[PDB]
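Here the structure comes first, spelled out in C-alpha cells, and everything after it is commentary.
Side chains included, hydrogens not; waters and symmetry mates left out as well; all remaining heavy atoms used. Residue numbers begin at 1 in each chain, while the letters A, B, ... track the order of the sequences.
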Amino acid sequence: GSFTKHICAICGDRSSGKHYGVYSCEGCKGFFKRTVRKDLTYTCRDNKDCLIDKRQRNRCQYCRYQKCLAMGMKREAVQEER
Amino acid sequence: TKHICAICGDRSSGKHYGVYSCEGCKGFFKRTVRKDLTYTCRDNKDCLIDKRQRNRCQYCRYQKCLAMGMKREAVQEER
DNA sequence: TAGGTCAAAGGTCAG
DNA sequence: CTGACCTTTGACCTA
Ligand SMILES: [Zn+2]
Ligand SMILES: [Zn+2]
Ligand SMILES: [Zn+2]
Ligand SMILES: [Zn+2]
C-alpha cells in the first residue's frame, strides 16, 4: 500500500496527515497558515457556500477558510515565531 | 504533584538529562549533543527562554540546558 | 526514565 | 499568493 494515505477534508486533494487538527493537503495547510498568521480577511462573491475541491479551491478564498473552520482547523495550532 | 521544566518553565514529564525538564528541552538536548549541533546567538546571550520563545534562539536554549545540569555525559553518541 | 518514532508544525521559493 | 519539499520539535510508546 502507498498511494492511499489520507484525504484532505477541505478540497478533497491528497493529504499526508493532519495539519491544524484536521486532515489536510499542503494547499489548505499553508493557506490556513498564511491567513491566521496575517489576520487575512476574505469575501464571497457568490454566496455563503461555494464548492471547494482540488481544482476549484482557489477561487473563493472566503468559502475555503470558512470550510477550513467548519472541518475543525485550529487557529491556535498556528504559531507565529521563527 | 507534577513539576515544571527547569529550562523553559513548561510542564515536565519527569527528569531527563540531570534535571526536571519537559519533552521539548529533553529531545532538543539529546539531538544537540548527538547529531553534533553548534548554533550562534542571532543577537547576544540574553534571549528570554520560555515556553513560548523556546525556539527562537537555539544558542540560549541549549546553553540554558547546561546551566541547569543536563550534561553531555547523559546520552549515547549518534547510533 | 533512556531512547526511539513520526506526527505535526516549522520553514523556502519556483509557479 | 500558492503549494510541493525540506528540517526540527515534541507528544508518545516501550522496555
Ligand atoms: Zn486541501
Ligand atoms: Zn464563496
Ligand atoms: Zn522545557
Ligand atoms: Zn540567544
| remark: Rounded to whole Å, the NZ-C1' distance (B:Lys71 to C:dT1) equals 15 Å
| query | Which residue lies toward the 5' end of DNA chain C, A:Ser16 or A:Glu81, if each is placed at its nearest nucleotide? | reply | A:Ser16
| Counting only N and O atoms by type, is there a donor-acceptor contact under 3.5 Å from the side chain of B:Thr32 to the main-chain atoms of B:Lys30? | no
| note | By nearest-heavy-atom nucleotide on DNA chain C, the more 5' of B:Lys26 and A:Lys33 is B:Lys26
| What does A:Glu26 touch in the nucleic acid at a heavy-atom separation under 4.0 angstrom: a base, only the sugar-phosphate, or nothing? | base
| request: Could you state the atom-to-atom distance from CD1 of B:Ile7 to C1' of D:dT9 in whole Å? | output: 15 Å
| note | With the side chain defined as heavy atoms from C-beta on, A:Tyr20 is closest, among C:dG10, D:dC1, D:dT9, to C:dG10
| task | With heavy atoms under 4.0 Å as the rule, sort B:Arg54 into base, sugar-phosphate or nothing. | result | sugar-phosphate
| task | May I ask you to evaluate whether B:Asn55 reaches the phosphate of C:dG11, defined as a side-chain N or O under 4.0 Å from OP1 or OP2? | result | no
| query | So what does A:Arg14 touch, heavy atoms closer than 4.0 Å: a base, only the sugar-phosphate, or nothing? | reply | nothing
| said: Within the 4.0 Å heavy-atom criterion, would you say A:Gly30 contacts the bases, only the backbone, or no part of the nucleic acid? | reply: nothing
| field | Exam field: side chain A:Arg82 to backbone A:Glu80, donor-acceptor pair closer than 3.5 Å | value | yes
| Of all the nucleotides listed (C:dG3, D:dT9, D:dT2), which has the minimum atom distance to the side chain of B:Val75? | C:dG3
| Rounded distance in Å - NZ (B:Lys15) to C1' (C:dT1) | 8 Å
| message | D:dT9, OP1 or OP2 - any side-chain N/O from B:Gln58 closer than 4.0 Å? | response | yes
| query | Just checking A:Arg37: base, sugar-phosphate only, or nothing, at a heavy-atom cut-off of under 4.0 Å? | reply | sugar-phosphate
| Gap between atoms CZ and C1', on A:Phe32 and D:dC1 respectively (whole Å) | 17 Å
| said: Are there over 12 heavy-atom neighbours, none belonging to A:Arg45, within less than 6.0 Å of that residue's CZ? | reply: no
| query | On the ring face of A:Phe3, is A:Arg14 found with NZ or CZ under 6.0 Å from the centre and within 45° of the axis? | reply | yes
| task | Could you tell me whether the side chain of A:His6 and the main chain of A:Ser16 form a donor-acceptor pair under 3.5 Å? | result | yes
| task | May I have the distance from B:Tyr39 (atom OH) to D:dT7 (atom P), rounded to whole angstrom? | result | 16 Å
| query | When the distance from CZ of A:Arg59 to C1' of D:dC1 is rounded to whole Å, what number comes out? | reply | 13 Å
| task | Have a look at A:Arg82 and say if it touches a base, only the backbone sugar-phosphate, or nothing, with a 4.0 Å heavy-atom cut-off. | result | sugar-phosphate
| request: Measure the distance from CZ on A:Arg34 to P on C:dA9 and round it to the nearest whole Å. | output: 16 Å
| Rounded to the Å, how far apart are B:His16 NE2 and D:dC13 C1'? | 13 Å
| request: Sign of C1'-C2'-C3'-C4' decides it: give me the sugar pucker of C:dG4, north or south. | output: south
| request: Assign D:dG10 to north (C3'-endo side) or south (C2'-endo side) according to its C1'-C2'-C3'-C4' torsion. | output: south
| Checking B:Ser12 side chain against B:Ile4 main chain: does a donor-acceptor pair fall under 3.5 Å? | no
| Which is true for A:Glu76 with a 4.0 Å heavy-atom rule: it touches a base, it touches only sugar-phosphate, or it touches nothing? | nothing
